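Student: just the first chains of my complex for now:
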Amino acid sequence: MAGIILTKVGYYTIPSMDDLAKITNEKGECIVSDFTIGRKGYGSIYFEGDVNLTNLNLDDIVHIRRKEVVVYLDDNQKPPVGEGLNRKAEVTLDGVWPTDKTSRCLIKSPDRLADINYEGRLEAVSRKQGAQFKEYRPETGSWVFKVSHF
Amino acid sequence: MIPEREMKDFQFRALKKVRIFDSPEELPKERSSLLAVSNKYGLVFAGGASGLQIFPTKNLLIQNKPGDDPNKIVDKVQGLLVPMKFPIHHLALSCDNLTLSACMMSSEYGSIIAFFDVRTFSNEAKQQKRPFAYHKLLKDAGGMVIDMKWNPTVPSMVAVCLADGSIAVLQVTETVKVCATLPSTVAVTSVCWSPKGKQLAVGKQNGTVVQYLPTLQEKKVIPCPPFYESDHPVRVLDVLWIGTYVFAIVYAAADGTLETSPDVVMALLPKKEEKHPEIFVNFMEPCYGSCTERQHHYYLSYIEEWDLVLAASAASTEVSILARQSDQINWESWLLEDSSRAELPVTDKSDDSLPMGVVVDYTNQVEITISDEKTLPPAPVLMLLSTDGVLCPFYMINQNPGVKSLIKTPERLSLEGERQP
C-alpha cells in the first residue's frame, strides 16, 4: 500500500483500501472526496470533501466501538482543525438502544422508542458533546450525528 | 562522513565465558533485557524463559590463565535459582538497588511485573523467594514491556513502556502506585530518564522525542531529524539522555521491518538563549548487523568519567564505542584492534549468538593478570548475556590520559527493612 495502514479486523474504507492504492498519484499522494472509514457492525465515519490520507496510520487514529468512537487517541498527536481526519465529519454508531429498567432488556421496538422519545434523548446527548443530531434508525439502532472536528 | 579513530589506548579483554542458562531450541526474537547488576552490593541478576538467577558478581568473573582455551565455556557457577512460573522478558533494578522488577508474559493471563525486595534473596530463612508486589497490565499481547527504566535518583520511581504504545510511571514502596499514565494513542516506543532524574524523555512512533515531567506534563519536543524523508518514515527505537541538551537517539523504519538497519544518531540541542536548529550526526550502524530475524534493540549506556557511550544491538555480535572528542562537543567511533574487541561468540551449532542483556560491574577488585610478570589495576567489566544463554565478560581497559579509576567497593546487604508479601 502507498502509505495508508489499516489492518484491524472488521475495519474497512469506502473506497476500499485496494481502491485507495490505485488512486495514489505519481508523487504518492492519496486525495479522495467523501471518504468513509467504518467497522462492520459498530459504526462508520463519513468525511465529506477532500482529505489527504497519505501516510495516515488509520489503525492508530480511528477507533470505533459499541456506542463509542475515538479519532486520535491523544491531543498531542492531533493535527489542527481542518487537517487530517480532525475535521467536519458525520458519525454513525450502530446498536444504540436504551435498556428497560424493569426487564433489563434492550428496547428495540420503534413504537416503544417513540413512547419514550429516544430520538429527543439522542438530540440532547449530541448537543452535550458538541455534536448535532441528524437522525436515528430504530431497526438497527443507528445514531447519526455530525461533529465539527475531533 | 562518519567520524572514526584507531584507539590503541582502549581494549576489551575477555574473561572466561560462563554458561548461565541452557541453550535454547530456537533463536529468541523479541525485544528483551535480561541482565541487571547491583553495583552497591555486588550482585548480578539474570533471567530467561526458565527462571531467575542471582549471583555474587565475583563468581561470574574468571580470568584466563596461560594454557587455558579462552574459548572454553565454564559450565556453571554457584548462584541462586528463583523459580518463575512464566518467562521473563525484562529485568531491571532501582537506583537504591533494593527493588528488582521482573516482567513476564503468560499466554493465559497476559503480562505482569513482579517486584522483588532484593534482601529476600539474601534471607536464608525464606526457602521460597517470592515477590512482594505485582502489577498486572490488563493487556495480553500489547502488554509486553518493551522498555522499562528506574529513575536514577528517585528509588521508588520507575517508567514502563508497553508494546501497545501506552506508558506509565509507577511508585513502588511497600506497594505499587500508578502516578501517571499516557494511553496507547500517544505511541511511545522507548523511554529514558534525565541524568538527575527530573524529567522523562519518551521516543515515539512518529519519529519525535518528547520530554515530560514525571507527572507526564509535556515539556519539550525534539523533532524528527530533517534528513529522513516522508517516504522513508522512522520511529525512535531507543533513546539515551546523556546531558541536558545531549542525546543518543536510534531510528528504525516506522513500519516494523527488520531488514532496514537502525541509525544511531547523536543530537545536540540548542538552548532558550539560542535560536540554532538541532544538530544531528548520523553514525548509522556502529554495531554491524548480521541478523535480520530479531526485534531491533540498542543497548545504550553512558560512562561520564570516560565521556563515552557503549553500544550493543540485538542484530549484532559486536559492542561499539562512541566517545566525545578532546573538542568536548563532538563524537567519534573508536576503532579497536582485532584481539581487543567485544564480540559474542559463535554457538557450537555454528550460528551467531546475540545480546539479550548488557551491564557493567564496578565492584571488581581483582587485578588484571597480563603476562606472567605484568599486572594492571582492576577495571570495570562489561557483561553480556547471549541468546545462547552464555555470559560474556570483558574488562574495559581505558588507558587514555587523565581517566580516573571507576572501581567502587561493594557493601553487605542487611535484611533490615525487607518488605513482605
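Tutor: Arrived safely. Numbering: from 1, shown residues only, chains lettered A, B, ... in the order given.
Student: what's the burial count for residue B:177?
Tutor: For residue B:177, the count of nearby residues is 12 (other C-beta atoms under 10 Å in any protein chain shown). (C-beta placed from N, C-alpha, C; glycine too.)
Student: and it, backbone torsions?
Tutor: phi -100, psi 130 (degrees, to the nearest 10).
Student: looking at the stretch 251-400 of chain B, which residue is nearest chain A?
Tutor: Nearest residue of the stretch 251-400 of chain B to chain A: residue B:255, at 7.8 Å (C-beta to the nearest C-beta).
Student: and that residue, how many neighbours?
Tutor: What residue B:255 shows, counting by other C-beta under 10 Å, is a neighbour count of 11.
Student: who's sitting farthest from the centroid in chain A?
Tutor: Going by C-alpha atoms, centre = their mean, the residue of chain A most distant from its centre is residue A:102, 31.6 Å out.
Student: and that residue, which helix or strand is it part of?
Tutor: Under DSSP states H and E, no helix or strand contains residue A:102.
Student: which ones are touching it?
Tutor: Contact analysis of residue A:102 by C-beta atoms under 8 Å, 6 or more residues apart in numbering or on different chains lists nothing.
Student: state the distance from it to residue A:121.
Tutor: In this structure, residue A:102 lies at 18 Å from residue A:121, with C-beta to C-beta, to the nearest Å as the measure.
Student: one more: residue A:96?
Tutor: When residue A:96 is compared with residue A:121 (using C-beta to C-beta), they lie 10 Å apart.
Student: which residues of chain A lie near chain B?
Tutor: When proximity is defined by C-beta under 8 Å from any C-beta of the partner chain, chain A lies next to chain B at A:5, A:28, A:55, A:60, A:61, A:70, A:72, A:73, A:74, A:76, A:77.
Student: which ChimeraX command selects the buried ones in those residues?
Tutor: Command for ChimeraX that selects the buried part of the residues of chain A next to chain B, burial taken from 16 or more other C-beta atoms under 10 Å in any protein chain shown:
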select /A:5,55,60,61,72,73,76,77
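Student: as chain C, please add this:
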Amino acid sequence: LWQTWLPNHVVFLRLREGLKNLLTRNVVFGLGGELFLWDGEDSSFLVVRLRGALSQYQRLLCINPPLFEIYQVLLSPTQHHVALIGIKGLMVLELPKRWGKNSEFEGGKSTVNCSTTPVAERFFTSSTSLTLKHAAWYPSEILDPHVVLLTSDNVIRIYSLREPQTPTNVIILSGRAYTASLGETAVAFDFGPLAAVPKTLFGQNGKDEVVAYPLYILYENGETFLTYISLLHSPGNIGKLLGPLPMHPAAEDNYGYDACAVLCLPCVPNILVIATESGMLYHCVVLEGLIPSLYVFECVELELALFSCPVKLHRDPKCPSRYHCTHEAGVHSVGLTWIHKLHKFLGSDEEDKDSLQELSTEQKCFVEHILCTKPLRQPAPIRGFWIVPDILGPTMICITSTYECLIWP
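Tutor: Chain C added:
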C-alpha cells in the same frame, strides 16, 4: 430565642458583603448549640453560638487553606472533623478543642487555627479534568474517620485520614470519545443504616455476623447499584457490585433519564428517594432478592407542586419518614406517611409486589412547598440548608443566594 435574632447576626452581613467582592452548595452545618458558616473569601468558618449578641462569633482559620472553591461542608460522624468538598478537591479540617464555662473553642479566642489535610490530592492534579461528583463520610462512629469520594472517572475511593493519599478501598463501577452511553456514569451515592451481615458476604468464614453499611449508587441514566461495605472485611478492590437493580413496576417512560440525587431513608426495608433534574421524585422500596429490586411505590412531580435545575435531597434528623428537597425554587418537605406500614419481612416475590401496589393506591405522601426563593430576576440556588434538631420542634435554617437567613417555621 435565636430563631428571632439569628437573621440579623453580623456574620450574614460579612458573608453578604463577600459576594460583591457544578456541585450543589451547602456552606453551613450545626454542632451542639453552634452554627458554622463557611466564608469562602477568607477560607475559614464563622461560628455563631445559638444557645446559652449580634456581633459575637469565632473565626476558625485553616492553617493551610484550600485553593479550590468549597461547595459543600460536611461534619464527620464523630463530629471532630469537617469535610471541605469542592469540584477540584476535598480537604478535611480538624475542629479545635473547647474549654471555658461557655464551651467556646480554645477558651473563646476571637480566632482559632485549625489543622487541615488534603485528600486524594494526586488524583485532582495528575488528571486535570478529573472532578469530584459526590463525597460523604463512612457512617461509623467508632472507627477512624474515612471519607468516600466519587470522581468523574466513575470510581469510588475510600480514604482514611491516617493515609489521606492512598485509598483503603476502591470500587470500579465501569471523555476523549463521542459516546451514546453518556449516562452510564455515577452521579451520587448514599449509605443506608447499619446492618448485621454474615461474614461470608466478604469471602471470609465462621458463620459470624459483622457490621456493614449498604452503599447505594446512582447513575445519571437513573440506574441504581448496591454493595455492602465493611472497612475491616471488605477487599481492597470491591467487585461484588449488585445491579442495576430492576425497577418495578414497568413504566411507560422507563422512568426517564437525568437522575441527579439519591437518598436512602434510615428504615428497614431500605427506601430510596431518586430525584431528577426535571423535578421527579421516585420513592423506591428495596426488596430483598442475590440481586435486590426496587418497587417504585409512588412518584412526585415538584413541577406540579409549585423546572430544569439540579435537585438536592436532605434527610430529617427526627423522622425517617420525612425528607427535604432544595432547588432553585426553594425548599419542599415530603412526608412518607406510609413508611410505617411496611414490615421488615417484605420480599420481592409476586404477592409482595401486588400488596405494595394495592397499598400505593390508598396511600399518598404529603408534599409542601415551605419556602419560596423565586425572584422578581434570574432564580438563584440556596447556599446553605440545615435542620437544627430540637425535640420541641425542628428549626430549619436556609441561607439564600444573597446570604439571607430564612428560618422555618
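Student: check the neighbour count of residue B:255 one more time with chain C there.
Tutor: By other C-beta under 10 Å, neighbour count at residue B:255 equals 11.
Student: tell me how far the residue of chain B most remote from its centre lies from residue B:66.
Tutor: Ranked by distance from the centre of chain B (C-alpha atoms, centre = their mean), the top residue is residue B:373, with 35.8 Å. Counting by C-beta to C-beta, the gap from residue B:373 to residue B:66 is 11 Å.
Student: same question, residue C:207
Tutor: Distance, residue C:207 to residue B:66, by C-beta to C-beta: 77 Å.
Student: which ones are touching residue C:182?
Tutor: The contact partners of residue C:182, taken as C-beta under 8 Å, 6+ apart, are A:125, A:128, A:129, C:220.
Student: could you do residue C:126 as well?
Tutor: B:179, B:180, B:215.
Student: in TSV, list the residues you listed along with distance to chain C, neighbour count and secondary structure.
Tutor: Shown next, in TSV, are these (distance: C-beta to the nearest C-beta, whole Å; neighbours: other C-beta atoms under 10 Å in any protein chain shown; DSSP: H, G, I helix; E, B strand; the rest coil):
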residue	distance to chain C	neighbour count	secondary structure
B:179	7	16	strand
B:180	6	20	strand
B:215	6	12	coil
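Student: can you list the residues of the stretch 151-300 of chain C near chain A?
Tutor: C:176-183, C:222-223, C:244, C:246-257.
Student: which one of the contacts of residue C:182 is nearest to chain B?
Tutor: Using C-beta to the nearest C-beta, the contacts of residue C:182 come closest to chain B at residue A:129, 18.8 Å.
Student: the closest one falls within a helix, correct?
Tutor: No - read with DSSP: H, G, I helix; E, B strand; the rest coil, residue A:129 is coil and lies in no helix.
Student: tally of neighbours for it?
Tutor: Count around residue A:129 with other C-beta under 10 Å applied: 15.
Student: and for residue C:154?
Tutor: The number of residues near residue C:154, taken as other C-beta under 10 Å, comes to 17.
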